[PDB]
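Chains as they are written, first to last, in the UniProt record's numbering: chain L, 340 to 388; chain X, 328 to 388; chain F, 328 to 339; chain Y, 340 to 388.
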Amino acid sequence: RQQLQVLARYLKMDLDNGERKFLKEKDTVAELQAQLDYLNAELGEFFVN
Amino acid sequence: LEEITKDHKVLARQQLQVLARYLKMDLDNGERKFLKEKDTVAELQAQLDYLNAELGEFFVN
Amino acid sequence: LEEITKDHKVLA
Amino acid sequence: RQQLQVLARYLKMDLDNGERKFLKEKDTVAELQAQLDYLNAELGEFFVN
């Protein structure tokens, strides 16, 4: 693991770049899902569908 | 010039791959999860966009 | 020039 | 073994070059030995020796 880290650093590879992007999008999903949930609570399923 | 450093980075990348495989590290796991969530975002954003087109901004806000 | 050999010695 | 292979490839070392040359010569030996065997079958040992 330490050898892989040293090589990652030589190569200027951000190993966590993808898990970092993932957690930003997971927050965007929860923000959009809250907006949708709110509109469902205001209009109801029958209306929204 | 830069061909020697290119060939060294190829070796280093190959050594990193071999170690990733020994360690059972999926290096692309995070970029793969990211692209699934980016599709979930676009699906939710389409639902919201649709409700905005039906009710209008004045009403939704 | 010598920056590439420097970066290789850092790795080593 | 995988690290040795990566280095072999960086160095442009054909690790199997010698086993490959060996198997070509082993075929040359069998071809020459067949020619000799054939002459022995035609002339006999007494004559050939």
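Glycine included, each C-beta is placed from N, C-alpha and C at the ideal position.
- Message: Among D366(L), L343(L), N356(L), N388(L), whose alpha-carbon lies nearest the alpha-carbon of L350(X)?
- Response: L343(L)
- Rounded straight-line distance, which links the Cα of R348(L) to that of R340(L): 12 Å
- chain Y contact for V387(X) (CB, 8 Å cutoff): no
- is_contact[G383(L), chain X] using C-beta, thresh 8 Å: no
- Any C-beta of chain Y under 8 Å from that of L354(X): no
- Task: Report back the beta-carbon spacing between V368(X) and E364(L) to the nearest angstrom; my notes put them in contact at under 8 Å.
- Result: 6 Å
- Item | Where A339(F) sits in the DSSP three-state scheme | coil
- Query: Taking the C-alpha atoms as reference points, what is the distance between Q374(L) and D334(X)?
  - Reply: 51 Å
- Task: Output, in sequence order along the chain, the residues in the region 338-352 of chain X whose CB is closer than 7 Å to any CB in chain Y.
- Result: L338, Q341, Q342, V345
- Task: Under 8 Å Cβ to Cβ from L378(X), same chain only, skipping five residues before and after it: list those, please.
- Result: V387
- Query: Using DSSP with H/G/I as helix, E/B as strand and the rest coil, what is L375(Y)?
  - Reply: helix
- Message: Alpha carbons only, please: which of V345(X), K360(X), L354(X), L346(X) is nearest the one belonging to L362(L)?
- Response: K360(X)
- Query: What is the DSSP secondary structure of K351(X), reduced to helix, strand or coil?
  - Reply: coil
- Query: Looking only at C-alpha atoms, which of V337(X), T332(X), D355(X), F385(X) sits nearest to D355(L)?
  - Reply: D355(X)
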